[PDB]
Amino acid sequence: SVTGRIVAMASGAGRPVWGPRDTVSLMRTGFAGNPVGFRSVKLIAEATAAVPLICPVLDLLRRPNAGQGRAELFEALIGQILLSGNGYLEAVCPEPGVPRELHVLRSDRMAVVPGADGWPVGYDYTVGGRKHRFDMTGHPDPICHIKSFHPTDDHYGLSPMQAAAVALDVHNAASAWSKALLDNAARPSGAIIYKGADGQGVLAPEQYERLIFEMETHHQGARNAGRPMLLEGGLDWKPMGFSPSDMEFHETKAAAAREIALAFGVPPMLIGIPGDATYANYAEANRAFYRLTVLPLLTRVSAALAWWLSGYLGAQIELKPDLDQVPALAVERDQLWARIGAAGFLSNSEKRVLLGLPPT
Amino acid sequence: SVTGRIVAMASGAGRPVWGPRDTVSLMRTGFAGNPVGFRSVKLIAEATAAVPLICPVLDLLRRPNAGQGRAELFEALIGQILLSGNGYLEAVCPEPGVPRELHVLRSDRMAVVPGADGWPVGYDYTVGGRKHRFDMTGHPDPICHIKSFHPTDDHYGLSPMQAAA
Amino acid sequence: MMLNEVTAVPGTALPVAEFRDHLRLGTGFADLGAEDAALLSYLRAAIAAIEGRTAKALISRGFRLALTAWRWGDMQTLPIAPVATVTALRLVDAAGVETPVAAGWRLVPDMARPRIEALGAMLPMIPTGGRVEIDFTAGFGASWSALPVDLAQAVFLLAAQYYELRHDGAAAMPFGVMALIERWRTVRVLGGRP
Amino acid sequence: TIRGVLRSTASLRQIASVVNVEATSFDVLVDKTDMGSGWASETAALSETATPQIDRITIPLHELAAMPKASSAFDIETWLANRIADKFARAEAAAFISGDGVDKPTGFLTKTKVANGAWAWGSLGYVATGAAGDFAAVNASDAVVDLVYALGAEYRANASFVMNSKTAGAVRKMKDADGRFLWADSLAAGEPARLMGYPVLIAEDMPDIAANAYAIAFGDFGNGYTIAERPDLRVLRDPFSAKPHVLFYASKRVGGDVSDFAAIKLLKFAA
Amino acid sequence: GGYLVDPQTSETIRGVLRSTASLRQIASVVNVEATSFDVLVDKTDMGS
């Protein structure tokens, strides 16, 4: 905070700081463009919305606004964090405490203002040429700004799609390689070469319609596969091939489809990409998914809702994921109940306090 | 239903709507032609006929008509749904309640009529140049029309053979 | 796409008096005897052999390019390469109402790929059946002196050959006829849909 | 981050009456004259004293358009959107002050000015300074103070000066017979921003001091000048017309002239 | 006072009414997606 004043002047106080320009184009080319970048965010954002929470405040979260439910809110919230590294939540307060409206402001059209002491004073929702200038020079601070970790930038997040932005363009263009190869390719199944007495000679349109009708009827198609095809003088049939037949950038697409899944943190088994068996039997890969890239993400966002929404209340509230009755963690729950349940030496109430039960 | 009147006028009320022409040719080229398309429908239609049902009404289903048993009926019924996306069941009622005849009308020769409010008023069994014009402007509505899901069409089914054509 | 010439050369524009000098001047039998109007008939045969291999025009004759459908959305490369000033882009309909247009297109001149390249993305659409028709003047200059002289020498190396030997008789020069033409041929590598 | 030249931002938008309008035009309705009531006589007819003739002034609500062609270090979509909003904030400022009638809002300077004391409704009133080149030589700022006190006490509750930078320069250049800077006395003060108890708006589209130019205005522009506009800004992110250049289309529509001819008073630098 | 008062307009831009009978009602239409359609008729009958 003491050094906060020094970085603020360099950027320029009172003026909007934009950060990354090409953020909106990674969405259309990397999330609406390829299925791997599409499925990876949809797999996470529909997983963090499904996790229950532990606190009143959750009555706001259950019904944030019209037409945007509890689970639909976090899909919009985490879906901006995975896409552009930043999450925004406007609170509309007709009432003084616990404001009854939440709105995920998209992070394409939002810009920060550094202000005096380096910590932000303005946020600017910029649609068309129109700005809004939300104000942070107050106590309730009407927008929570959830940052992904960015080491070099002081105001935004890193957005894992930016780290995979080369592997998206490999997977977008290798998939479009095979598309435009199926659309721009002339393979013939042969060529009836007609030289003539000279090195060059055309055949007359009388002879040419004769050549079609014996080729149309008697030689093409499945039903004429293999006629013995008499070739008189001058004529010759050179059959062409198609030498790379399968596998046009097949492994570099399948390797880039795994590096996209690597950056968002989904395992290759969940998304459905082919590859070597790393995880075994989905009791691991679903448990690894909710432990390395979902529950760390959800306990970081819920820790920002636990502090931003407590600024509207008087008492501070904690708000964490449940990490109980989330059915992907049952292999960590069998393993912990059967450990203490088999420990017969310590008594009955001495293990209800370990497994989390109210003792009797 | 409130929007039903708007789509009906575009198609043209009182006039038969046919849908897919080449439906009869996918049967001869895809179900009488190759064993994989042959076995796949016969594997399903002989499986749905074997499943018992839970309700009187099933006395009709057990003996629908002459020469066409209970299990033979659903093979004809599901065998039209898998082939052309549409199932049809004519009920002949000499008696007022629980009509004692069921007949699977084949969906090659059946055509819909959109009617006034978008929901159908006529079905046309068209063999040769001969029509019949079944009427849906009544309460018993003598033909059940089972649709497979079709997102783009408003009157027929999608027939998985068309997706594998 | 018929692309007939509107008018041919006058004949008096051709260098018949100069071609007699390329035939035998400074060395030779004398001026000798040459059927003058014969020598004009070999220049028109050597130019029309180099107008075809190079797709150039060389005398700046008037053309009429009447084609039915536009190939691209807007581009319309013109075949005869050195162009200047579209005379008119009149547009006839299936009956022959012949309604010209005067704006919407800007000819972009170039020796490589002359174009029509309309403004924006809208090039004048075609009446159904009513072929579009483009009149233009393509070539280097009105007189023989306005030509690139290396291309003019390829005419004189070729028109003298049709004068020196009549039938197709057999006979590797460094800059022959073929080596002077190749920097004026059209180098294309598209066999595709656009 | 790509930089640009920083232009003036003060635009007469924050002191004039900004009205969100949705139709094609905005019609303000001002009566031109008084009721004309007289003290009645005890034995007289006493009928039809008078009626204020009303007048509709039409804000035409013109449109403003700028059309640049776009032709990964800095991102054009955000930067060009932050430049064209500045240009639409600055190009309407010239129309609000010295715009003419054709296709653009007519500024308050283009309204057929008449010398004050012979002031009628259809015009704006001015006060003369003296010599034609500049302020008066004998007593400077007398033109400024009687410009203030020749307006009307009801509009001077919230009125402001409108100048450009180098007319406020020539105002701060005024000095007494010892040279002690009548406005902001020391060389350590700065812009005092409260000329004659009233705020100053440095609007660069005002003319400078010339032979007859009206370089200083003063008024309650909340009643005087009505800016009727639509708040949005059109954003056609065009992916057609030219493959090479995006050629974004951005437009804001805005109109305005004077609603009240009594609010604004001008300073003519002449005799 | 004449500028003070403004007229009330209709709720819908209305038009002259023209006929709807079109022979589309009595001819037979086909839901088709193509560039051409080819009916198949029999000009004459077989000799018997």
# chains A, B, ... in the order shown; residues from 1 in each chain; ligands from 1
$ interface_residues --of "chain D" --to "chain C" --cutoff "12 Å" --atoms "only C-alpha atoms" --output "short mmCIF file (atom, residue, chain, number, x, y, z; two decimals) with C-alpha atoms, in the first residue's frame"
data_model
loop_
_atom_site.label_atom_id
_atom_site.label_comp_id
_atom_site.auth_asym_id
_atom_site.auth_seq_id
_atom_site.Cartn_x
_atom_site.Cartn_y
_atom_site.Cartn_z
CA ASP D 238 -18.55 -4.33 -40.03
CA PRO D 239 -17.01 -7.67 -41.46
CA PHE D 240 -17.97 -6.78 -45.09
CA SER D 241 -17.50 -4.05 -47.79
CA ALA D 242 -13.66 -4.35 -47.62
CA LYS D 243 -11.81 -7.55 -46.57
CA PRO D 244 -8.50 -5.42 -46.16
CA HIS D 245 -10.02 -2.69 -43.91
CA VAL D 246 -12.75 -3.38 -41.26
CA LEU D 247 -14.16 0.17 -41.79
#
$ select_by_dssp --residues "region 80-134 of chain C" --states "strand (DSSP E or B)" --output "list in words"
residues 83, 84, 85, 86, 87, 88, 91, 99, 105, 118, 132 and 134 of chain C
$ residues_around --residues "residue 37 (chain B)" --least-positions-apart "5" --cutoff "8 Å" --atoms "only C-alpha atoms" --output "PyMOL selection string"
chain B and resi 30-31+161
$ write_last_selection --atoms "N, CA, C and O atoms" --output "PDB file, in the first residue's frame"
ATOM      1  N   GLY B  30     -31.998 -49.338 -48.065  1.00  0.00           N
ATOM      2  CA  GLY B  30     -31.357 -49.283 -46.771  1.00  0.00           C
ATOM      3  C   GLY B  30     -31.906 -50.245 -45.748  1.00  0.00           C
ATOM      4  O   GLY B  30     -31.320 -50.411 -44.680  1.00  0.00           O
ATOM      5  N   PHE B  31     -33.040 -50.869 -46.036  1.00  0.00           N
ATOM      6  CA  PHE B  31     -33.614 -51.839 -45.122  1.00  0.00           C
ATOM      7  C   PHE B  31     -33.884 -53.169 -45.807  1.00  0.00           C
ATOM      8  O   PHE B  31     -33.756 -54.220 -45.182  1.00  0.00           O
ATOM      9  N   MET B 161     -32.582 -43.662 -40.193  1.00  0.00           N
ATOM     10  CA  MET B 161     -32.077 -44.050 -41.501  1.00  0.00           C
ATOM     11  C   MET B 161     -31.768 -42.841 -42.378  1.00  0.00           C
ATOM     12  O   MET B 161     -30.832 -42.888 -43.182  1.00  0.00           O
TER      13      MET B 161
END
$ interface_residues --of "chain A" --to "chain D" --cutoff "9 Å" --atoms "only C-alpha atoms" --output "list in words"
residues 18, 19, 20, 21, 22, 23, 109, 127, 128, 129 and 130 of chain A
$ write_last_selection --atoms "C-alpha atoms" --output "mmCIF file, in the first residue's frame"
data_model
loop_
_atom_site.group_PDB
_atom_site.id
_atom_site.type_symbol
_atom_site.label_atom_id
_atom_site.label_comp_id
_atom_site.auth_asym_id
_atom_site.auth_seq_id
_atom_site.Cartn_x
_atom_site.Cartn_y
_atom_site.Cartn_z
ATOM 1 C CA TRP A 18 -7.432 -1.768 -20.998
ATOM 2 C CA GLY A 19 -4.825 -4.518 -20.958
ATOM 3 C CA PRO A 20 -5.296 -7.125 -23.684
ATOM 4 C CA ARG A 21 -6.899 -6.025 -26.977
ATOM 5 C CA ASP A 22 -7.362 -9.475 -28.644
ATOM 6 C CA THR A 23 -9.359 -10.877 -25.658
ATOM 7 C CA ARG A 109 -16.199 -4.365 -22.075
ATOM 8 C CA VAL A 127 -20.480 -0.658 -24.738
ATOM 9 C CA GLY A 128 -20.392 1.199 -28.042
ATOM 10 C CA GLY A 129 -18.949 4.593 -27.219
ATOM 11 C CA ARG A 130 -20.949 4.647 -23.969
#
$ residues_around --residues "region 139-143 of chain A" --least-positions-apart "2" --cutoff "6 Å" --atoms "only C-alpha atoms" --output "PyMOL selection string"
chain A and resi 89-91+136+311
$ write_last_selection --atoms "N, CA and C atoms" --output "PDB file, in the first residue's frame"
ATOM      1  N   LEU A  89     -18.941  -8.547 -10.684  1.00  0.00           N
ATOM      2  CA  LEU A  89     -20.272  -8.729 -10.115  1.00  0.00           C
ATOM      3  C   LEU A  89     -20.824  -7.386  -9.668  1.00  0.00           C
ATOM      4  N   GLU A  90     -21.752  -6.850 -10.437  1.00  0.00           N
ATOM      5  CA  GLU A  90     -22.419  -5.632 -10.022  1.00  0.00           C
ATOM      6  C   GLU A  90     -23.494  -5.962  -9.000  1.00  0.00           C
ATOM      7  N   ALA A  91     -23.595  -5.142  -7.963  1.00  0.00           N
ATOM      8  CA  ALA A  91     -24.644  -5.287  -6.968  1.00  0.00           C
ATOM      9  C   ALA A  91     -25.507  -4.042  -7.036  1.00  0.00           C
ATOM     10  N   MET A 136     -15.284   3.258  -6.997  1.00  0.00           N
ATOM     11  CA  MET A 136     -14.735   2.492  -5.888  1.00  0.00           C
ATOM     12  C   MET A 136     -14.254   3.380  -4.758  1.00  0.00           C
ATOM     13  N   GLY A 311     -19.128  -6.991   3.163  1.00  0.00           N
ATOM     14  CA  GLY A 311     -19.082  -5.546   3.238  1.00  0.00           C
ATOM     15  C   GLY A 311     -20.439  -4.879   3.206  1.00  0.00           C
TER      16      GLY A 311
END
$ interface_residues --of "chain D" --to "chain E" --cutoff "10 Å" --atoms "only C-alpha atoms" --output "PyMOL selection string"
chain D and resi 27-31+51-57
$ residues_around --residues "residue 59 (chain C)" --least-positions-apart "3" --cutoff "8 Å" --atoms "only C-alpha atoms" --output "PyMOL selection string"
chain C and resi 9+13+139-144
$ write_last_selection --atoms "C-alpha atoms" --output "PDB file, in the first residue's frame"
ATOM      1  CA  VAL C   9      -5.889  -2.342 -86.752  1.00  0.00           C
ATOM      2  CA  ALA C  13      -0.499   1.839 -87.953  1.00  0.00           C
ATOM      3  CA  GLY C 139      -2.961  -2.040 -75.518  1.00  0.00           C
ATOM      4  CA  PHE C 140       0.186  -0.014 -75.150  1.00  0.00           C
ATOM      5  CA  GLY C 141      -0.190   2.935 -77.501  1.00  0.00           C
ATOM      6  CA  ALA C 142      -1.798   4.071 -80.712  1.00  0.00           C
ATOM      7  CA  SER C 143       1.377   4.015 -82.813  1.00  0.00           C
ATOM      8  CA  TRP C 144       4.058   1.378 -83.172  1.00  0.00           C
TER       9      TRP C 144
END
$ closest_residue --among "A:9, A:41, A:174, A:98" --to "residue 113 (chain A)" --atoms "only C-alpha atoms"
A:9
$ residues_around --residues "residue 260 (chain D)" --least-positions-apart "6" --cutoff "9 Å" --atoms "only C-alpha atoms" --output "PDB file with N, CA, C and O atoms, in the first residue's frame"
ATOM      1  N   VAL D  30     -41.429  28.428 -26.059  1.00  0.00           N
ATOM      2  CA  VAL D  30     -41.108  29.607 -25.268  1.00  0.00           C
ATOM      3  C   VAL D  30     -42.042  30.726 -25.687  1.00  0.00           C
ATOM      4  O   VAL D  30     -42.204  30.979 -26.883  1.00  0.00           O
ATOM      5  N   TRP D 121     -36.098  39.798 -28.812  1.00  0.00           N
ATOM      6  CA  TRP D 121     -36.098  38.372 -28.516  1.00  0.00           C
ATOM      7  C   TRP D 121     -35.272  37.567 -29.505  1.00  0.00           C
ATOM      8  O   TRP D 121     -34.587  36.628 -29.103  1.00  0.00           O
ATOM      9  N   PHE D 221     -26.451  28.574 -19.126  1.00  0.00           N
ATOM     10  CA  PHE D 221     -26.745  27.774 -20.300  1.00  0.00           C
ATOM     11  C   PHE D 221     -27.728  26.652 -20.023  1.00  0.00           C
ATOM     12  O   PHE D 221     -28.226  26.061 -20.981  1.00  0.00           O
ATOM     13  N   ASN D 223     -30.707  27.164 -18.912  1.00  0.00           N
ATOM     14  CA  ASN D 223     -31.886  27.691 -19.576  1.00  0.00           C
ATOM     15  C   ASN D 223     -31.581  28.131 -20.993  1.00  0.00           C
ATOM     16  O   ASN D 223     -32.437  27.996 -21.870  1.00  0.00           O
ATOM     17  N   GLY D 224     -30.372  28.629 -21.237  1.00  0.00           N
ATOM     18  CA  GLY D 224     -30.028  29.151 -22.541  1.00  0.00           C
ATOM     19  C   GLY D 224     -29.926  28.124 -23.643  1.00  0.00           C
ATOM     20  O   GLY D 224     -30.733  28.131 -24.573  1.00  0.00           O
ATOM     21  N   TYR D 225     -28.956  27.227 -23.553  1.00  0.00           N
ATOM     22  CA  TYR D 225     -28.635  26.334 -24.651  1.00  0.00           C
ATOM     23  C   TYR D 225     -29.145  24.939 -24.314  1.00  0.00           C
ATOM     24  O   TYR D 225     -28.804  24.390 -23.264  1.00  0.00           O
ATOM     25  N   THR D 226     -29.960  24.366 -25.192  1.00  0.00           N
ATOM     26  CA  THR D 226     -30.513  23.033 -24.983  1.00  0.00           C
ATOM     27  C   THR D 226     -29.845  22.050 -25.928  1.00  0.00           C
ATOM     28  O   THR D 226     -29.992  22.160 -27.147  1.00  0.00           O
TER      29      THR D 226
END
$ residues_around --residues "residue 201 (chain D)" --least-positions-apart "3" --cutoff "10 Å" --atoms "only C-alpha atoms" --output "PDB file with N, CA and C atoms, in the first residue's frame"
ATOM      1  N   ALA D  10     -13.241  19.823 -22.441  1.00  0.00           N
ATOM      2  CA  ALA D  10     -14.351  20.684 -22.045  1.00  0.00           C
ATOM      3  C   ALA D  10     -15.140  21.126 -23.265  1.00  0.00           C
ATOM      4  N   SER D  11     -16.459  20.937 -23.210  1.00  0.00           N
ATOM      5  CA  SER D  11     -17.252  20.786 -24.419  1.00  0.00           C
ATOM      6  C   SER D  11     -18.599  21.497 -24.401  1.00  0.00           C
ATOM      7  N   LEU D  12     -18.894  22.300 -23.370  1.00  0.00           N
ATOM      8  CA  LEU D  12     -20.181  22.952 -23.093  1.00  0.00           C
ATOM      9  C   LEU D  12     -21.309  21.947 -22.838  1.00  0.00           C
ATOM     10  N   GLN D  14     -21.570  19.980 -20.119  1.00  0.00           N
ATOM     11  CA  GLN D  14     -21.904  19.866 -18.706  1.00  0.00           C
ATOM     12  C   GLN D  14     -22.586  21.103 -18.139  1.00  0.00           C
ATOM     13  N   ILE D  15     -22.659  22.201 -18.885  1.00  0.00           N
ATOM     14  CA  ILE D  15     -23.356  23.389 -18.409  1.00  0.00           C
ATOM     15  C   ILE D  15     -24.617  23.694 -19.196  1.00  0.00           C
ATOM     16  N   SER D 160     -22.117  30.939 -16.070  1.00  0.00           N
ATOM     17  CA  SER D 160     -20.701  30.652 -16.225  1.00  0.00           C
ATOM     18  C   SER D 160     -20.152  31.386 -17.433  1.00  0.00           C
ATOM     19  N   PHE D 161     -18.851  31.631 -17.395  1.00  0.00           N
ATOM     20  CA  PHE D 161     -18.122  32.206 -18.510  1.00  0.00           C
ATOM     21  C   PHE D 161     -17.735  31.100 -19.467  1.00  0.00           C
ATOM     22  N   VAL D 162     -17.668  31.430 -20.748  1.00  0.00           N
ATOM     23  CA  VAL D 162     -17.215  30.511 -21.780  1.00  0.00           C
ATOM     24  C   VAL D 162     -16.146  31.241 -22.573  1.00  0.00           C
ATOM     25  N   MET D 163     -14.926  30.705 -22.542  1.00  0.00           N
ATOM     26  CA  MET D 163     -13.784  31.247 -23.265  1.00  0.00           C
ATOM     27  C   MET D 163     -12.973  30.087 -23.820  1.00  0.00           C
ATOM     28  N   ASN D 164     -11.945  30.400 -24.603  1.00  0.00           N
ATOM     29  CA  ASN D 164     -10.915  29.412 -24.884  1.00  0.00           C
ATOM     30  C   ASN D 164      -9.713  29.680 -23.982  1.00  0.00           C
ATOM     31  N   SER D 165      -8.600  28.992 -24.238  1.00  0.00           N
ATOM     32  CA  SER D 165      -7.439  29.121 -23.367  1.00  0.00           C
ATOM     33  C   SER D 165      -6.767  30.476 -23.529  1.00  0.00           C
ATOM     34  N   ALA D 168      -8.688  33.414 -21.791  1.00  0.00           N
ATOM     35  CA  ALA D 168      -8.394  33.426 -20.364  1.00  0.00           C
ATOM     36  C   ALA D 168      -6.957  33.833 -20.097  1.00  0.00           C
ATOM     37  N   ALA D 193     -10.416  29.817 -11.143  1.00  0.00           N
ATOM     38  CA  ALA D 193     -11.617  29.098 -11.573  1.00  0.00           C
ATOM     39  C   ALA D 193     -12.917  29.679 -11.038  1.00  0.00           C
ATOM     40  N   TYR D 198     -18.109  33.494 -10.566  1.00  0.00           N
ATOM     41  CA  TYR D 198     -18.760  32.553 -11.460  1.00  0.00           C
ATOM     42  C   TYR D 198     -17.724  31.633 -12.084  1.00  0.00           C
ATOM     43  N   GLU D 204     -12.416  25.452 -26.330  1.00  0.00           N
ATOM     44  CA  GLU D 204     -11.446  25.910 -27.318  1.00  0.00           C
ATOM     45  C   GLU D 204     -12.071  26.319 -28.641  1.00  0.00           C
ATOM     46  N   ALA D 217     -18.205  34.648 -23.660  1.00  0.00           N
ATOM     47  CA  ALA D 217     -19.634  34.530 -23.447  1.00  0.00           C
ATOM     48  C   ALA D 217     -19.886  34.340 -21.967  1.00  0.00           C
ATOM     49  N   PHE D 218     -21.099  34.647 -21.527  1.00  0.00           N
ATOM     50  CA  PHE D 218     -21.477  34.481 -20.133  1.00  0.00           C
ATOM     51  C   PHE D 218     -22.951  34.137 -20.054  1.00  0.00           C
TER      52      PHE D 218
END
$ select_by_dssp --residues "region 14-219 of chain A" --states "alpha helix (DSSP H)" --output "ChimeraX atom specification"
/A:23-30,35-48,57-62,70-84,160-163,165-183,205-216
$ atom_distance --atom1 "CA of residue 122 (chain D)" --atom2 "CA of residue 196 (chain D)"
28.0 Å
